[PDB]
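Engineer: I'm passing along protein_28.txt; it holds compact mmCIF, C-alpha atoms and all ligand atoms.
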```
# COMPACT_ATOMS: atom_id res chain seq x y z
CA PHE K 120 -26.58 -22.63 63.98
CA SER K 121 -27.09 -22.97 67.69
CA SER K 122 -23.58 -23.80 69.01
CA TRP K 123 -22.82 -27.12 70.62
CA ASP K 124 -21.54 -27.09 74.23
CA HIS K 125 -19.64 -29.91 75.94
CA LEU K 126 -22.84 -31.93 76.57
CA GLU K 127 -23.98 -31.70 72.91
CA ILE K 128 -20.56 -32.70 71.68
CA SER K 129 -20.40 -35.59 74.15
CA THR K 130 -23.87 -36.69 73.06
CA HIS K 131 -22.58 -37.01 69.49
CA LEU K 132 -19.54 -38.98 70.68
CA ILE K 133 -21.87 -41.39 72.49
CA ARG K 134 -24.04 -41.63 69.35
CA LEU K 135 -20.86 -42.47 67.37
CA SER K 136 -19.78 -45.01 70.00
CA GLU K 137 -22.97 -46.96 69.28
CA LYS K 138 -21.93 -47.25 65.64
CA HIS K 139 -18.19 -47.73 66.29
CA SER K 140 -17.49 -50.14 69.12
CA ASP K 141 -13.74 -49.28 68.91
CA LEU K 142 -14.35 -45.66 69.93
CA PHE K 143 -13.50 -44.59 73.46
CA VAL K 144 -15.49 -41.55 74.67
CA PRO K 145 -13.67 -39.63 77.44
CA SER K 146 -15.08 -37.94 80.52
CA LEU K 147 -18.63 -36.63 80.12
CA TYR K 148 -17.92 -34.25 83.02
CA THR K 149 -14.56 -32.48 82.35
CA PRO K 150 -13.42 -31.37 78.86
CA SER K 151 -9.68 -31.47 78.15
CA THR K 152 -7.46 -28.42 77.49
CA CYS K 153 -4.00 -28.05 75.99
CA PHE K 154 -2.60 -28.36 79.53
CA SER K 155 -4.60 -31.43 80.57
CA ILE K 156 -4.96 -33.49 77.38
CA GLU K 157 -1.71 -35.50 77.73
CA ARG K 158 -2.55 -36.57 81.33
CA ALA K 159 -6.08 -37.51 80.22
CA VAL K 160 -4.83 -39.68 77.37
CA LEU K 161 -2.22 -41.40 79.52
CA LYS K 162 -4.76 -42.14 82.27
CA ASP K 163 -7.30 -43.49 79.75
CA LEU K 164 -4.66 -45.89 78.36
CA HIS K 165 -3.72 -46.93 81.94
CA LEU K 166 -0.26 -45.46 81.51
CA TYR K 167 -0.34 -43.11 84.48
CA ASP K 168 0.38 -43.99 88.13
CA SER K 169 -1.23 -41.34 90.32
CA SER K 170 0.61 -42.74 93.37
CA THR K 171 4.14 -42.11 92.12
CA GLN K 172 2.75 -39.42 89.89
CA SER K 173 4.56 -41.17 87.08
CA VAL K 174 4.13 -42.23 83.47
CA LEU K 175 4.27 -45.97 83.05
CA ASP K 176 6.19 -47.89 80.35
CA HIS K 177 3.32 -50.30 79.91
CA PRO K 178 -0.34 -50.24 80.79
CA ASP K 179 -1.30 -51.24 84.29
CA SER K 180 -4.98 -52.12 84.55
CA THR K 181 -4.86 -51.67 88.33
CA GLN K 182 -4.54 -47.91 87.65
CA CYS K 183 -7.91 -47.87 85.94
CA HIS K 184 -10.22 -45.00 86.93
CA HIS K 185 -13.00 -46.03 84.49
CA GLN K 186 -14.92 -48.43 86.63
CA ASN K 187 -17.64 -47.42 89.09
CA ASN K 188 -17.40 -43.80 87.96
CA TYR K 189 -20.84 -42.55 86.96
CA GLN K 190 -19.89 -38.88 86.83
CA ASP K 191 -17.12 -39.08 84.24
CA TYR K 192 -17.70 -42.57 82.80
CA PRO K 193 -21.24 -43.84 83.24
CA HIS K 194 -21.03 -45.11 79.64
CA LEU K 195 -18.05 -47.37 80.58
CA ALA K 196 -19.73 -49.04 83.58
CA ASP K 197 -20.59 -52.06 81.36
CA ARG K 198 -17.62 -51.93 78.89
CA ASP K 199 -14.11 -53.29 78.98
CA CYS K 200 -12.25 -49.98 79.19
CA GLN K 201 -9.17 -51.60 77.68
CA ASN K 202 -10.81 -52.80 74.45
CA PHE K 203 -10.78 -49.57 72.44
CA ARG K 204 -8.71 -48.39 69.44
CA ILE K 205 -9.68 -44.79 68.74
CA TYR K 206 -9.78 -42.19 71.53
CA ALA K 207 -11.39 -38.85 70.74
CA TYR K 208 -11.14 -35.85 73.09
CA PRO K 209 -13.01 -32.58 72.90
CA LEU K 210 -10.47 -29.90 73.80
CA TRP K 211 -11.53 -26.46 75.12
CA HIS K 212 -9.38 -23.33 74.65
CA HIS K 213 -9.35 -19.63 75.33
CA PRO K 214 -6.40 -17.45 74.29
CA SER K 215 -6.40 -15.33 77.48
CA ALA K 216 -5.35 -18.24 79.70
CA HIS K 217 -1.59 -18.79 79.94
CA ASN K 218 -1.32 -21.47 82.60
CA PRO K 219 -3.43 -24.43 83.85
CA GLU K 220 -4.98 -22.50 86.76
CA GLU K 221 -6.18 -19.73 84.43
CA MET K 222 -7.36 -22.20 81.73
CA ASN K 223 -9.16 -24.30 84.28
CA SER K 224 -10.95 -21.47 86.03
CA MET K 225 -12.08 -20.08 82.71
CA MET K 226 -13.19 -23.46 81.45
CA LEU K 227 -15.14 -24.34 84.57
CA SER K 228 -17.13 -21.13 84.19
CA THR K 229 -18.05 -21.51 80.47
CA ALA K 230 -17.54 -24.93 78.78
CA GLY K 236 -18.40 -17.33 71.45
CA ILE K 237 -16.14 -17.52 74.53
CA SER K 238 -15.40 -21.21 74.16
CA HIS K 239 -13.39 -22.58 71.27
CA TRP K 240 -13.59 -26.35 70.75
CA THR K 241 -11.10 -28.57 68.97
CA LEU K 242 -10.60 -32.36 68.86
CA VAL K 243 -7.57 -34.61 69.55
CA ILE K 244 -7.89 -38.17 68.26
CA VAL K 245 -5.47 -40.95 69.30
CA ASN K 246 -5.65 -43.86 66.85
CA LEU K 247 -3.69 -46.81 68.16
CA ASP K 248 -4.08 -48.87 64.96
CA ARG K 249 -2.72 -46.11 62.73
CA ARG K 250 -0.16 -44.84 65.32
CA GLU K 251 -1.34 -41.28 64.83
CA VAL K 252 -2.42 -38.27 66.83
CA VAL K 253 -4.89 -36.24 64.81
CA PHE K 254 -5.70 -32.66 65.77
CA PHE K 255 -8.79 -30.98 64.32
CA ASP K 256 -9.43 -27.24 64.61
CA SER K 257 -12.08 -25.82 62.29
CA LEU K 258 -10.31 -22.45 62.62
CA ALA K 259 -6.91 -24.15 61.75
CA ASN K 260 -4.66 -22.16 64.07
CA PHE K 261 -6.81 -20.84 66.86
CA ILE K 262 -4.56 -22.41 69.49
CA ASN K 263 -1.03 -21.00 69.54
CA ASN K 264 1.48 -23.64 68.40
CA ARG K 265 3.43 -22.95 71.61
CA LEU K 266 0.55 -24.43 73.58
CA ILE K 267 -0.91 -27.18 71.41
CA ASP K 268 2.21 -28.59 69.73
CA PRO K 269 4.11 -29.69 72.88
CA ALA K 270 1.00 -31.55 74.02
CA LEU K 271 0.44 -33.33 70.65
CA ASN K 272 4.11 -34.24 70.31
CA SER K 273 4.56 -35.37 73.86
CA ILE K 274 1.55 -37.71 73.53
CA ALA K 275 2.91 -38.98 70.19
CA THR K 276 6.36 -39.63 71.68
CA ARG K 277 5.09 -41.34 74.84
CA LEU K 278 2.60 -43.57 73.02
CA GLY K 279 5.26 -44.55 70.44
CA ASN K 280 7.28 -46.04 73.27
CA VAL K 281 4.34 -48.31 74.22
CA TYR K 282 2.77 -49.21 70.85
CA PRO K 283 5.70 -50.17 68.62
CA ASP K 284 5.92 -49.62 64.87
CA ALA K 285 6.11 -52.34 62.23
CA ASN K 286 9.91 -52.08 62.14
CA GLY K 287 10.13 -53.01 65.79
CA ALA K 288 11.05 -49.41 66.70
CA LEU K 289 9.55 -47.11 69.32
CA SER K 290 9.06 -44.21 66.91
CA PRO K 291 6.69 -41.36 67.80
CA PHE K 292 3.15 -41.60 66.49
CA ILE K 293 2.66 -39.24 63.53
CA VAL K 294 1.00 -35.91 64.39
CA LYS K 295 -1.50 -34.67 61.81
CA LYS K 296 -2.95 -31.15 62.26
CA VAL K 297 -5.45 -31.77 59.48
CA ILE K 298 -7.07 -28.34 58.87
CA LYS K 299 -4.61 -25.98 57.19
CA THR K 300 -7.15 -23.37 56.04
CA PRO K 301 -10.07 -22.37 58.27
CA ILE K 302 -13.37 -24.01 57.40
CA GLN K 303 -15.49 -22.44 60.21
CA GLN K 304 -17.22 -19.18 59.25
CA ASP K 305 -18.82 -17.96 62.46
CA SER K 306 -17.89 -17.62 66.10
CA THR K 307 -19.96 -20.46 67.45
CA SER K 308 -20.03 -23.65 65.26
CA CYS K 309 -16.70 -25.24 66.26
CA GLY K 310 -18.41 -27.99 68.29
CA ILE K 311 -20.58 -28.99 65.33
CA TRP K 312 -17.63 -29.01 62.96
CA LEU K 313 -15.44 -31.27 65.12
CA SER K 314 -18.41 -33.65 65.64
CA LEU K 315 -18.97 -33.87 61.87
CA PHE K 316 -15.24 -34.45 61.39
CA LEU K 317 -15.11 -37.33 63.84
CA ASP K 318 -18.25 -38.81 62.21
CA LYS K 319 -16.51 -38.90 58.84
CA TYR K 320 -13.06 -39.81 60.21
CA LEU K 321 -14.44 -42.97 61.79
CA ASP K 322 -15.70 -44.13 58.36
CA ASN K 323 -12.52 -43.01 56.58
CA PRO K 324 -9.49 -41.92 58.62
CA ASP K 325 -8.05 -40.17 55.56
CA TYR K 326 -11.06 -37.83 55.51
CA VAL K 327 -10.44 -34.06 55.39
CA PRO K 328 -13.36 -31.65 55.08
CA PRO K 329 -13.65 -29.86 51.82
CA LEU K 330 -12.67 -26.25 51.20
CA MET K 331 -15.99 -24.53 50.56
CA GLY K 332 -17.51 -21.14 50.05
CA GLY K 333 -19.19 -19.60 53.12
CA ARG K 334 -22.74 -20.31 51.99
CA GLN K 335 -21.79 -23.85 50.87
CA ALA K 336 -20.24 -24.59 54.28
CA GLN K 337 -23.40 -23.47 56.03
CA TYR K 338 -25.49 -25.78 53.85
CA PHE K 339 -23.00 -28.62 54.53
CA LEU K 340 -23.28 -28.21 58.31
CA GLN K 341 -27.05 -27.91 58.10
CA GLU K 342 -27.23 -31.19 56.17
CA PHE K 343 -25.27 -32.85 58.98
CA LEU K 344 -27.54 -31.38 61.65
CA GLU K 345 -30.60 -32.61 59.80
CA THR K 346 -29.41 -36.25 60.14
CA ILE K 347 -29.26 -36.04 63.92
CA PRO K 348 -32.97 -36.62 64.64
CA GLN K 349 -32.88 -39.89 62.71
CA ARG K 350 -29.94 -41.06 64.84
CA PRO K 351 -31.21 -41.40 68.44
CA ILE K 352 -29.08 -42.88 71.20
CA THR K 353 -30.55 -46.31 72.04
CA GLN K 354 -27.94 -48.26 74.03
CA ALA K 355 -27.13 -45.79 76.82
CA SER K 356 -28.10 -46.37 80.41
CA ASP K 357 -30.45 -44.00 82.21
CA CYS K 358 -27.41 -42.81 84.17
CA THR K 359 -25.60 -41.87 80.93
CA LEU K 360 -28.70 -40.18 79.52
CA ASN K 361 -29.03 -38.15 82.72
CA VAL K 362 -25.41 -36.96 82.63
CA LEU K 363 -25.83 -35.92 78.97
CA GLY K 364 -28.71 -33.71 80.08
CA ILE K 365 -31.09 -35.60 77.80
ZN ZN P 401 -9.82 -48.37 82.64
```
Could you write out this structure as structure tokens?
Ligand SMILES: [Zn+2]

Structural biologist:
Amino acid sequence: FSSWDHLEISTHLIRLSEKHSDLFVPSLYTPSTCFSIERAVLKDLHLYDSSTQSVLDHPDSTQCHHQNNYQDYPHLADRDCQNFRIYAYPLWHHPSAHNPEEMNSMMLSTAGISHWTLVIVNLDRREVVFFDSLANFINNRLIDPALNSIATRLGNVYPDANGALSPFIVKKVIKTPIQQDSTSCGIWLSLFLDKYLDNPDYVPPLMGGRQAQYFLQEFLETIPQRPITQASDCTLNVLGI
């Protein structure tokens, strides 16, 4: 398997967004990291005021950075950026980075050095789903505060059925590694999102090594029958297509 880089992963997200109109695809230019994912989610839900540098208690559409932005969001130029329900973020990690400056410098240079995972925010199900094909590649000390802080902040905005502001549930769905090589993480998380969007209770099967390879190959072999057809020339250019 040729690995999938940020552009290949983003291409699959755009492909999925053509099938699932509720799916928000984040920046095509900057992947998220454990240090930046909460800020990215809050800004995409219009819950962040860059002028006070403050989290908002309710969305404020005047804070929107999705319009007229053809570097990060050419695919949102003609959408209502508010109208989405499922937000899926490719998340880049390297274990040698211990602060945002280190993680960012490393990411900017590279995004077998990269590891890719996925954070999904599902507003309808009040859940934050974290997918890592290697299960625990990211130290809990780094990923858990981010997942739980997002869950807590979004619970205060999207109430539960009891009328309470309970945190969204966090689901770290892979307990046993499914990935068998050093390079296929981007393909795995793309397959996961594909299946999740048809069934949010989906969890990939535990497979032998050879079976997993055949499984991934089967997924890859669908891709040529699934061209992107609704994207603007600007979006296609950013995707490197
Ligand atoms: Zn917006």

Engineer: With a distance cut-off of 12 Å and all atoms listed in the file, select the neighbouring residues of residue 335 of chain K, excluding the residue or stretch itself and same-chain residues fewer than 5 positions from it, and output the selection as a VMD selection string.

Structural biologist: chain K and resid 302 to 304 329 to 330 340 to 342

Engineer: Give the answer as one residue: which of K:249, K:125, K:198, K:139 has the shortest atom-to-atom distance to ligand ZN 401 (chain P), using all atoms listed in the file?

Structural biologist: K:198

Engineer: Work out how far atom CA of residue 202 of chain K is from atom CA of residue 248 of chain K, in Å to one decimal.

Structural biologist: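 Between atom CA of residue 248 of chain K and atom CA of residue 202 of chain K the gap works out to 12.3 Å.
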
Engineer: If you count only C-alpha atoms and all ligand atoms, which residues end up within 12 Å of ligand ZN 401 (chain P), as a ChimeraX atom specification?

Structural biologist: /K:143-146,159-167,178-188,191-192,195-203

Engineer: Name the residues in contact with residue 207 of chain K at a cut-off of 10 Å, using only C-alpha atoms, excluding same-chain residues fewer than 5 positions from it; report them as a PyMOL selection string.

Structural biologist: chain K and resi 132+142-145+160+242-246+252-254+317

Engineer: Got a sec to write segment 192-225 of chain K of the block to a file, N, CA, C and O atoms, as a JSON list (two decimals), in the first residue's frame?

Structural biologist:
```json
[["chain", "number", "residue", "atom", "x", "y", "z"],
["K", 192, "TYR", "N", -10.68, 26.45, 2.85],
["K", 192, "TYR", "CA", -12.08, 26.04, 2.64],
["K", 192, "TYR", "C", -12.64, 26.35, 1.27],
["K", 192, "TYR", "O", -13.73, 26.91, 1.18],
["K", 193, "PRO", "N", -11.96, 25.96, 0.19],
["K", 193, "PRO", "CA", -12.56, 26.27, -1.11],
["K", 193, "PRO", "C", -13.87, 25.50, -1.31],
["K", 193, "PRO", "O", -14.75, 25.96, -2.04],
["K", 194, "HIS", "N", -13.99, 24.35, -0.64],
["K", 194, "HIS", "CA", -15.16, 23.48, -0.76],
["K", 194, "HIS", "C", -16.37, 24.03, 0.02],
["K", 194, "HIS", "O", -17.47, 23.48, -0.10],
["K", 195, "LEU", "N", -16.16, 25.07, 0.83],
["K", 195, "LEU", "CA", -17.27, 25.68, 1.59],
["K", 195, "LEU", "C", -17.71, 27.01, 1.00],
["K", 195, "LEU", "O", -18.68, 27.60, 1.49],
["K", 196, "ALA", "N", -17.04, 27.47, -0.05],
["K", 196, "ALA", "CA", -17.38, 28.74, -0.71],
["K", 196, "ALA", "C", -18.87, 28.84, -1.09],
["K", 196, "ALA", "O", -19.48, 29.90, -0.98],
["K", 197, "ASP", "N", -19.46, 27.71, -1.50],
["K", 197, "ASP", "CA", -20.87, 27.66, -1.89],
["K", 197, "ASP", "C", -21.78, 26.86, -0.93],
["K", 197, "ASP", "O", -22.90, 26.50, -1.30],
["K", 198, "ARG", "N", -21.31, 26.57, 0.29],
["K", 198, "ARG", "CA", -22.13, 25.88, 1.30],
["K", 198, "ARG", "C", -22.51, 26.81, 2.45],
["K", 198, "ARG", "O", -21.81, 27.77, 2.76],
["K", 199, "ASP", "N", -23.57, 26.45, 3.15],
["K", 199, "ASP", "CA", -23.83, 27.07, 4.44],
["K", 199, "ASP", "C", -23.04, 26.35, 5.52],
["K", 199, "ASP", "O", -23.41, 25.23, 5.94],
["K", 200, "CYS", "N", -22.00, 27.02, 6.00],
["K", 200, "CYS", "CA", -21.00, 26.40, 6.88],
["K", 200, "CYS", "C", -21.58, 26.02, 8.21],
["K", 200, "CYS", "O", -20.94, 25.30, 8.99],
["K", 201, "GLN", "N", -22.79, 26.50, 8.48],
["K", 201, "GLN", "CA", -23.49, 26.15, 9.72],
["K", 201, "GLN", "C", -24.23, 24.81, 9.65],
["K", 201, "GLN", "O", -24.39, 24.14, 10.67],
["K", 202, "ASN", "N", -24.64, 24.41, 8.44],
["K", 202, "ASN", "CA", -25.61, 23.34, 8.25],
["K", 202, "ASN", "C", -25.09, 21.88, 8.34],
["K", 202, "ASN", "O", -25.64, 20.93, 7.75],
["K", 203, "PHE", "N", -24.04, 21.66, 9.09],
["K", 203, "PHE", "CA", -23.46, 20.33, 9.13],
["K", 203, "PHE", "C", -23.73, 19.62, 10.46],
["K", 203, "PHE", "O", -23.99, 20.30, 11.49],
["K", 204, "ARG", "N", -23.59, 18.28, 10.49],
["K", 204, "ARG", "CA", -23.84, 17.52, 11.72],
["K", 204, "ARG", "C", -22.69, 16.66, 12.18],
["K", 204, "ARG", "O", -22.57, 16.34, 13.37],
["K", 205, "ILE", "N", -21.82, 16.28, 11.26],
["K", 205, "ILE", "CA", -20.70, 15.40, 11.56],
["K", 205, "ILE", "C", -19.45, 16.10, 11.06],
["K", 205, "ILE", "O", -19.37, 16.52, 9.87],
["K", 206, "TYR", "N", -18.46, 16.25, 11.96],
["K", 206, "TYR", "CA", -17.24, 16.99, 11.66],
["K", 206, "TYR", "C", -16.07, 16.04, 11.84],
["K", 206, "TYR", "O", -15.85, 15.54, 12.93],
["K", 207, "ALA", "N", -15.32, 15.78, 10.77],
["K", 207, "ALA", "CA", -14.28, 14.77, 10.84],
["K", 207, "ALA", "C", -12.89, 15.34, 10.55],
["K", 207, "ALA", "O", -12.68, 15.86, 9.44],
["K", 208, "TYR", "N", -11.95, 15.21, 11.50],
["K", 208, "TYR", "CA", -10.67, 15.87, 11.43],
["K", 208, "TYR", "C", -9.52, 14.90, 11.38],
["K", 208, "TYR", "O", -9.25, 14.18, 12.36],
["K", 209, "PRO", "N", -8.77, 14.92, 10.29],
["K", 209, "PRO", "CA", -7.49, 14.18, 10.27],
["K", 209, "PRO", "C", -6.56, 14.81, 11.28],
["K", 209, "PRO", "O", -6.42, 16.06, 11.33],
["K", 210, "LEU", "N", -5.90, 13.99, 12.09],
["K", 210, "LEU", "CA", -5.07, 14.47, 13.18],
["K", 210, "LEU", "C", -3.70, 13.81, 13.03],
["K", 210, "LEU", "O", -3.61, 12.57, 13.04],
["K", 211, "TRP", "N", -2.66, 14.64, 12.93],
["K", 211, "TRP", "CA", -1.27, 14.24, 12.68],
["K", 211, "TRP", "C", -0.52, 14.21, 14.00],
["K", 211, "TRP", "O", -0.70, 15.09, 14.84],
["K", 212, "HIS", "N", 0.31, 13.18, 14.21],
["K", 212, "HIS", "CA", 1.09, 13.05, 15.44],
["K", 212, "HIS", "C", 2.47, 12.50, 15.22],
["K", 212, "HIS", "O", 2.65, 11.64, 14.37],
["K", 213, "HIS", "N", 3.40, 12.95, 16.04],
["K", 213, "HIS", "CA", 4.73, 12.34, 16.12],
["K", 213, "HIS", "C", 5.09, 12.35, 17.59],
["K", 213, "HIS", "O", 4.95, 13.37, 18.26],
["K", 214, "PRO", "N", 5.60, 11.21, 18.11],
["K", 214, "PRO", "CA", 5.89, 11.12, 19.54],
["K", 214, "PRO", "C", 7.05, 11.98, 20.03],
["K", 214, "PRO", "O", 7.17, 12.15, 21.27],
["K", 215, "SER", "N", 7.90, 12.50, 19.15],
["K", 215, "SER", "CA", 9.06, 13.26, 19.61],
["K", 215, "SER", "C", 8.76, 14.71, 19.94],
["K", 215, "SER", "O", 9.57, 15.39, 20.56],
["K", 216, "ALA", "N", 7.57, 15.17, 19.56],
["K", 216, "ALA", "CA", 7.12, 16.54, 19.81],
["K", 216, "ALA", "C", 6.38, 16.63, 21.15],
["K", 216, "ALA", "O", 5.41, 15.90, 21.38],
["K", 217, "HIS", "N", 6.81, 17.53, 22.02],
["K", 217, "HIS", "CA", 6.19, 17.62, 23.35],
["K", 217, "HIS", "C", 5.47, 18.92, 23.63],
["K", 217, "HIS", "O", 4.94, 19.11, 24.72],
["K", 218, "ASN", "N", 5.47, 19.82, 22.65],
["K", 218, "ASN", "CA", 4.74, 21.08, 22.78],
["K", 218, "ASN", "C", 4.23, 21.48, 21.41],
["K", 218, "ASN", "O", 4.60, 20.83, 20.43],
["K", 219, "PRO", "N", 3.36, 22.50, 21.32],
["K", 219, "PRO", "CA", 2.84, 22.92, 20.01],
["K", 219, "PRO", "C", 3.89, 23.39, 19.03],
["K", 219, "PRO", "O", 3.76, 23.03, 17.86],
["K", 220, "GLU", "N", 4.90, 24.14, 19.48],
["K", 220, "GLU", "CA", 5.94, 24.61, 18.56],
["K", 220, "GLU", "C", 6.65, 23.42, 17.91],
["K", 220, "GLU", "O", 6.75, 23.33, 16.67],
["K", 221, "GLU", "N", 7.13, 22.48, 18.73],
["K", 221, "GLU", "CA", 7.73, 21.25, 18.19],
["K", 221, "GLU", "C", 6.78, 20.48, 17.26],
["K", 221, "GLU", "O", 7.18, 20.09, 16.15],
["K", 222, "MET", "N", 5.53, 20.25, 17.67],
["K", 222, "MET", "CA", 4.60, 19.47, 16.86],
["K", 222, "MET", "C", 4.35, 20.22, 15.55],
["K", 222, "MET", "O", 4.32, 19.63, 14.45],
["K", 223, "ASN", "N", 4.17, 21.53, 15.64],
["K", 223, "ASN", "CA", 3.93, 22.25, 14.40],
["K", 223, "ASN", "C", 5.06, 22.29, 13.39],
["K", 223, "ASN", "O", 4.84, 22.15, 12.18],
["K", 224, "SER", "N", 6.28, 22.45, 13.90],
["K", 224, "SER", "CA", 7.43, 22.51, 13.03],
["K", 224, "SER", "C", 7.61, 21.18, 12.34],
["K", 224, "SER", "O", 7.86, 21.11, 11.12],
["K", 225, "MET", "N", 7.49, 20.11, 13.12],
["K", 225, "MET", "CA", 7.57, 18.76, 12.57],
["K", 225, "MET", "C", 6.47, 18.54, 11.55],
["K", 225, "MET", "O", 6.72, 18.05, 10.46]]
```
